[PDB]
Amino acid sequence: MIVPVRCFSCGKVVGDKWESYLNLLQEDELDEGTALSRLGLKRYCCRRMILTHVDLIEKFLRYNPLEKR
Amino acid sequence: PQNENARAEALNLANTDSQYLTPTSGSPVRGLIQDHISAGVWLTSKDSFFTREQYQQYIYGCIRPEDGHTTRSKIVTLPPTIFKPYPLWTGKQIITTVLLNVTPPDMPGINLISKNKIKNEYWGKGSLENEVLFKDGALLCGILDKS
Amino acid sequence: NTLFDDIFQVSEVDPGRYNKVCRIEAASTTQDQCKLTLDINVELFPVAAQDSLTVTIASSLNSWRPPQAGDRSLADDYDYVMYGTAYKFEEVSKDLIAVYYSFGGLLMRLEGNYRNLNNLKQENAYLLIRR
Amino acid sequence: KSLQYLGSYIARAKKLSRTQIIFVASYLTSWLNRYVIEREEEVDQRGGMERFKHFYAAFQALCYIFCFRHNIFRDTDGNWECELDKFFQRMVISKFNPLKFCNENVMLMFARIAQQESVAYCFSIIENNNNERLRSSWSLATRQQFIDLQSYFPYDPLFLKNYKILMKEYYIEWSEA
Amino acid sequence: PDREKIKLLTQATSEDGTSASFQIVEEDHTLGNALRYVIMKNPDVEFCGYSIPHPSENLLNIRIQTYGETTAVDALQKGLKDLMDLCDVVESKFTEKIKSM
Amino acid sequence: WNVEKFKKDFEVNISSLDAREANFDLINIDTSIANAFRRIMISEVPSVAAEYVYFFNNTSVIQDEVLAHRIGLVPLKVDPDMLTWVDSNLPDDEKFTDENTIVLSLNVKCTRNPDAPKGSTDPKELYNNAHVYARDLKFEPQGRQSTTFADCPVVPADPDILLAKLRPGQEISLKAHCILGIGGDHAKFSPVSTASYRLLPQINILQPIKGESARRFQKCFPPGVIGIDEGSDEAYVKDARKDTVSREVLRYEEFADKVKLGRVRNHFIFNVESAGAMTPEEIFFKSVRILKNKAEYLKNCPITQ
Ligand SMILES: [Zn+2]
């Protein structure tokens with residue numbers, strides 16, 4: 001749903017890396033493997049976490065029962 | 001079961017242990033499968049050698065002498081196959097050692113001439129590894145198999 | 001005491017499908033009728049064709065435990081030593097005989113004249129090889 | 001259990017006569033002397049020290065009895081009834097090694113008192129015993145019930161207000177002994 | 001003290017005590033393998049191995065047999081001591097290299 | 001063997017040390033012991049992490065237990081030596097003390113932003129406090145801690161960890177108790193973003209290989225591993241330490257005959273990354289110490305029959 005905090009296998013913090021990773025792909029126009037490297041994700045353990053994350057939460061958030069649409 | 005008559009029956013009549021042979025044709029129903037067959041072909045291969053340290057460790061890891069099979073209250077081992085330049089035991093010795101520690105001591109070792117599923121050609125010229133030979137409880141030739 | 005020795009010359013060294021063991025075929029240099037087949041941990045004792053190996057079978061060396069301070073035995077005189085069992089004897093002809101040894105699975109077949117192999121019994125035995 | 005009862009009773013029951021007590025001591029040392037004479041040979045043989053529960057049980061009771069009533073076992077001369085001086089030592093040094101297997105608190109108190117009375121010297125045997133311990137074997141599956149059974153004394157003081165007062169005429173508190 | 005940690009398995013320990021089996025609670029391969037490595041360096045040890053009955057009971061079984069100079073319990077103690085000393089050597093070496101780095 | 005013989009032969013090489021990761025070799029040590037350190041570093045070196053989370057309110061889209069879980073994964077920059085262990089046999093009142101526990105609070109409400117640049121997608125300008133970060137965990141000192149931790153406030157090691165997201169009207173309100181624990185119990189306590197080793201490469205060539213074979217052979221290993229010498233024109237090994245052991249050589253038929261691939265066999269190349277609380281070297285030291293105490297604690301326990 002939202003970025004996981006740690007990599008499942010490494011233990012390495014990964015949750016501070018989602019918003020920046022998107023900005024790398026978007027703004028700096030890098031490919032995925034270059035951007036992952038720039039964020040320090042070396043082990044394929046860790047590259048997998050950010051490479052394949054689906055920010056499904058951003059869908060959930062569009063249904064907010066506490067505001068007049 | 002809730003009373004001693006039923007206990008006695010479940011431990012002596014319907015218990016797993018007897019039921020090695022089926023009553024249909026009188027053949028085995030219990031055996032090892034998959035990993036254990038593949039493992040056996042490898043462990044009992046002529047290419048298989050073990051140092052004193054490894055040999056003793058394989059033995060103790062599988063014997064569980066702290067059981068009802070106090071056939072001795074001391075684990076027995078064989079002398080190594082290769083004495084010099086370096087003490088080495090073969091895989092076939094691990095098997096002989098196993099049987100030696102779990103069969104009755106007041107009773108001669110098993111004698112079997114059998115065959116396995118792998119043709120001699122697969123090992124190379126002059127091989128006899130298809131022939132399974134147990135003499136006095138020792139595996140002297142052949143690998144162990146699904147058969 | 002010693003039961004058999006001879007100098008053999010190696011014909012073939014076949015690694016089969018293994019990579020630590022080789023099957024050796026070798027003939028005696030002293031008897032025209034004496035030949036040998038032997039599995040050897042060639043990682044511990046490399047052998048090539050045309051090598052000449054001295055091969056000794058002995059009943060004892062003058063139970064096993066790691067070498068200690070100042071242990072001396074027949075093994076000292078050789079490069080490669082194995083312990084094993086004789087498990088089959090056979091008549092090959094009116095004159096010649098073959099004995100079969102197993103060293104935890106590594107097999108030896110020694111064929112020779114029935115007088116040349118007189119001392120070999122169906123017991124355990126040590127095998128000693130030196131280059 | 002009886003042996004615990006027996007020892008607790010002799011110790012506590014105020015209305016007992018000197019001779020009824022000596023009677024129980026005379027029974028116990030007698031029964032004990034026989035045990036050691038007929039059985040010590042079985043210790044270095046096959047089995048464990050549990051084979052001798054009953055020995056320790058009786059030796060406990062007798063030791064316990066000596067704690068509460070040692071002042072009685074000195075006859076007019078100043079000699080010991082039942083040769084307690086010579087007797088205790090013999091058991092203490094025996095192969096059963098009572099000191100190791102009986103209740104710890106009694107064996108300790110007996111040591112203290114026995115030593116004080118020139119009756120026996122156990123304290124080195126105790127030292128040896130719990131040294132060998134840090135570094136004569138008994139399962140402990142069943143070794144505990146015994147330690148449990150040897151800890152209970154059915155006539156240790158009462159805690160019921162009235163009954164206590166009523167018992168006083170019939171009771172020897174430790175402070176009294 | 002703590003009496004529940006290590007116990008003798010008296011049904012596989014000989015009369016002379018030159019052979020014995022111990023069951024240690026709360027220990028797996030970590031200590032077991034390291035301890036048998038150390039023990040086997042003791043020249044009076046004739047046999048030693050460890051095993052783990054089951055991955056689900058935290059138990060470690062060590063077997064020691066000696067050639068008769070020391071008891072099995074002795075070998076366990078020398079092994080344990082040897083192991084402690086061995087760690088010291090490592091700690092000290094590592095320290096020096098960090099300093100010198 | 002002998003402990004002195006070991007001392008003379010054992011050796012350490014420190015390739016790179018840093019505040020987060022260490023790369024170093026242990027040379028001439030037995031695999032059983034290298035493995036011990038490795039296991040211990042991952043699973044038995046204590047750390048501080050959130051264990052109990054007390055919610056007073058959470059009307060976000062993320063469920064309590066899940067939120068609690070992530071907070072537990074946040075690596076707290078706390079020296080575990082500054083804390084004592086909790087005794088889990090006491091009631092809750094007695095259980096948590098100023099030597100036991102660290103308290104974190106979290107208190108966010110999301111409101112709508114009036115001054116949003118009309119036609120905006122960014123939730124920073126659309127909403128106030130839409131995004132909740134680990135840095136938003138406030139450290140609330142208890143008792144003596146106002147003093148003890150005055151020189152080192154409790155801060156997550158990775159401030160920018162995304163913890164939750166909200167929309168107008170939703171609030172989160174929680175206190176967390178953070179205590180000592182070990183990785184073997186739960187991985188949130190593991191102090192590593194991983195400690196592991198590899199055995200050192202040994203590439204030994206079984207006969208000279210030169211000319212066009214040398215160039216070919218050289219390309220089966222990463223850049224810099226295999227050198228081609230000028231003069232003999234034959235290939236030689238520059239540094240095995242850069243090799244990844246892909247076994248690529250063994251594919252090409254012409255070479256599979258002429259190379260054995262091995263290790264300098266005990267020789268362990270360790271790589272230790274810290275989750276952020278302690279330095280690598282501290283974590284490795286602590287493990288070498290932990291192993292020694294196991295041996296020491298055991299030597300001093302009486303063997304019960
Ligand atoms: Zn990862």
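Any read-out appearing in this document is the output of simple, stated calculations on the displayed coordinates, not a laboratory observation. Please note: Cβ atoms are built from the backbone with ideal geometry, for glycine as well, and neighbour counts cover all protein chains shown.
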Scan (1) more than 17 Å from the chain's Cα centre (by Cα); (2) within 22 Å of F:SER32 (Cα to Cα); (3) among the small types (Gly, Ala, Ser) for the single condition E:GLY49 breaks and write down its number. (1)
Scanning region A:10-44 for residues that are at the interface with another protein chain (Cβ under 8 Å from one of its Cβ atoms) and not aromatic (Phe, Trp, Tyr), the one farthest from F:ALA277 (Cα to Cα) turns out to be A:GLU19
Looking only at region C:46-86, how many residues end up being under 24 Å from E:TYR67 (Cβ atoms) and surrounded by 14 or more Cβ atoms within 10 Å (Cβ to Cβ)? 6
Sole exception among (1) in a helix (DSSP H, G or I); (2) exposed (fewer than 15 other Cβ atoms within 10 Å of the Cβ); (3) over 15 Å from the mean Cα position of the chain (by Cα) for B:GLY61, by number: (3)
Would you mind listing the helices (runs of 4 or more DSSP H) fully within chain A where at least 1 residues are of a type in the set (A, V, I, L, M, F, W, C) and more than 16 Å from the ligand (Cβ to nearest atom)? A:18-26, A:57-60
How do the strands (runs of 3 or more DSSP E) wholly within region F:212-305 filter down when requiring 2 or more residues that are within 11 Å of another protein chain (Cβ to nearest Cβ): which remain? F:259-274
So, A:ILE57, is that one closer than 26 Å to F:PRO168 by Cα, of a type in the set (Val, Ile, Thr) and over 11 Å from the mean Cα position of the chain (by Cα) or not? yes
State yes or no: is E:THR30 polar (S, T, N, Q), part of a helix (DSSP H, G or I), within 12 Å of chain F (Cβ to nearest Cβ) and more than 20 Å from B:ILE59 (Cα to Cα)? no
Counting only residues in region E:16-26 that are more than 8 Å from every other protein chain (Cβ to nearest Cβ) and more than 16 Å from F:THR304 (Cα to Cα), the one nearest to the chain's Cα centre (by Cα) is identified as E:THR18
Per-region count, region F:1-47, residues in contact with a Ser or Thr (Cβ under 9 Å, 6 or more places away or on another chain) and part of a loop (DSSP other than H, G, I, E, B): 6
For region F:247-305, name all the residues that are of a type in the set (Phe, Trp, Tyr) and farther than 17 Å from F:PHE217 by Cβ. F:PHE268, F:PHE270, F:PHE284, F:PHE285, F:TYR297
Report those strands (runs of 3 or more DSSP E) wholly inside region C:90-131 carrying at least 2 residues which are of a type in the set (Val, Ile, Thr). C:96-103
Here is a list of conditions, (1) within 26 Å of D:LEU134 (Cβ to Cβ); (2) within 13 Å of chain F (Cβ to nearest Cβ); (3) more than 10 Å from the chain's Cα centre (by Cα), and E:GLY68 meets all of them except one; can you say which number that is? (2)
Does C:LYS94 satisfy being exposed (fewer than 13 other Cβ atoms within 10 Å of the Cβ) and farther than 14 Å from C:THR37 by Cα? yes
Subset tally (residues that are surrounded by fewer than 18 Cβ atoms within 10 Å (Cβ to Cβ) and of a type outside the set (S, T, N, Q)) for region C:112-131: 6
State which residue is nearest to F:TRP85 (Cα to Cα) when the search covers only region F:152-181 and only residues that are within 7 Å of another protein chain (Cβ to nearest Cβ) and not in a loop (DSSP other than H, G, I, E, B). F:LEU162
Scan region F:59-88 for residues that are surrounded by fewer than 19 Cβ atoms within 10 Å (Cβ to Cβ) and either among the polar types (S, T, N, Q) or touching a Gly at 6+ places or on another chain (Cβ under 7 Å) (or both) and jot them down. F:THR59, F:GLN63, F:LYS77, F:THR84, F:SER88
Flagged in region E:34-45 as buried (at least 20 other Cβ atoms within 10 Å of the Cβ) and within 13 Å of chain B (Cβ to nearest Cβ), in numbering order, are E:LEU35, E:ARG36, E:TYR37, E:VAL38, E:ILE39, E:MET40, E:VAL45
Quick check: is even one residue across region C:20-28 of a type in the set (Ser, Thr, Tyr), within 13 Å of chain B (Cβ to nearest Cβ), surrounded by 15 or more Cβ atoms within 10 Å (Cβ to Cβ) and within 15 Å of C:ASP5 (Cα to Cα)? no
Answer with yes or no whether E:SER51 is touching a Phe, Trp or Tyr at 6+ places or on another chain (Cβ under 9 Å), of a type in the set (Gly, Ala, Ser) and either closer than 22 Å to F:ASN300 by Cα or within 10 Å of chain B (Cβ to nearest Cβ) (or both). yes
The correct count of residues that are crowded, with 20+ Cβ neighbours inside 10 Å and of a type in the set (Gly, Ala, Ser) in region B:37-51 is 2
Report whether or not D:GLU173 is outside any loop (DSSP other than H, G, I, E, B) and either away from every other protein chain (no Cβ under 14 Å) or of a type in the set (A, V, I, L, M, F, W, C) (or both). no
Tell me which of these D:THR142 doesn't satisfy, since it passes every other one: (1) in contact with a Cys (Cβ under 6 Å, 6 or more places away or on another chain); (2) over 22 Å from D:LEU16 (Cβ atoms). (1)
